[PDB]
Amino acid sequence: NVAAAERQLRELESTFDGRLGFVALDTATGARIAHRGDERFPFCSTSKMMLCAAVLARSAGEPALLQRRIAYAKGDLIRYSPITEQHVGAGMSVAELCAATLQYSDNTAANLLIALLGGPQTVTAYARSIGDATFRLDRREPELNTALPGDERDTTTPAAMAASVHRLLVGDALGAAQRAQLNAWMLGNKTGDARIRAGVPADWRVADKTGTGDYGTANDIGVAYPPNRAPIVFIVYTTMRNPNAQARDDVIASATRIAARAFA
């Protein structure tokens, strides 16, 4: 019951002093549950999905690109870089940097990949090329996570991100090999156990990318793969009014459960 689910999302939002942006889409029927679907939210590290999709797209035209070694420096290292800091001095391949940024939310890896592509504007241009007129990447890590009230930098809408996740992981925005690699990376994410993954039935597989930012911002985007039915896209953006808010996992899990029940 889409209308019942949307009411429950409104009730969930009433429990905290912030905003919930949500879209769930059953890709077979197009059944769609949304809350604040056309409002902008700070996407934080969920942008790393669009970044790596852009890298994969480049690799379709440069066969050796994913195996190229990037010999980055200690001076490139910034906070929340659990893979790149361990391997500095040996370097990492482009594929390994994508895996790190997607599965561990590695910030240095994202900056290296942004630089490889030519800057944050190339990620925005990639989004436009797949039909997303809304996503905008304005800054690099870590400043893209400031999540300031009313700031449109480094934002998208839940609706635009739902369409982009659909086209990238389920549809044909990427070639088959690139779609499979993006899925494989996101299926292996390590940072989302308490978010979308905590709100779905035990037999659903999940490909997701989380984000956490200032103003208690807590996001998760991805696709659930139930057995014997089509994939379901889940987009969850949350951001709080208190600059001193502590980011939570439980609102995302609760919003996910609402939609999972509706799509039972």
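Don't overthink the numbering: it's just position in the shown sequence, from 1.
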Mean Cα B-factor check, 71 to 79 vs 85 to 93, entry values; winner is 71 to 79
Select between 58 to 66 and 218 to 226 the stretch whose C-alpha atoms have the higher average B-factor in the entry.
58 to 66
Could you check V206, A28, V236, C44 and tell me which one carries the biggest Cα B-factor in the deposited entry?
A28
By the entry's C-alpha temperature factors, tell me which of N111, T134, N183, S164 sits highest.
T134
Among modelled residues of the same chain, the CA temperature factor third for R140
highest
CA B-factor ranking of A34, expressed as a third of its chain
highest
Ranked by Cα temperature factor within the chain, is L102 in the lowest third, the middle third or the highest third?
lowest
Modelled-residue ranking by C-alpha temperature factor, third containing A125
middle
Based on the entry's values, in what third of the chain does the Cα temperature factor of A255 lie: lowest, middle or highest?
lowest
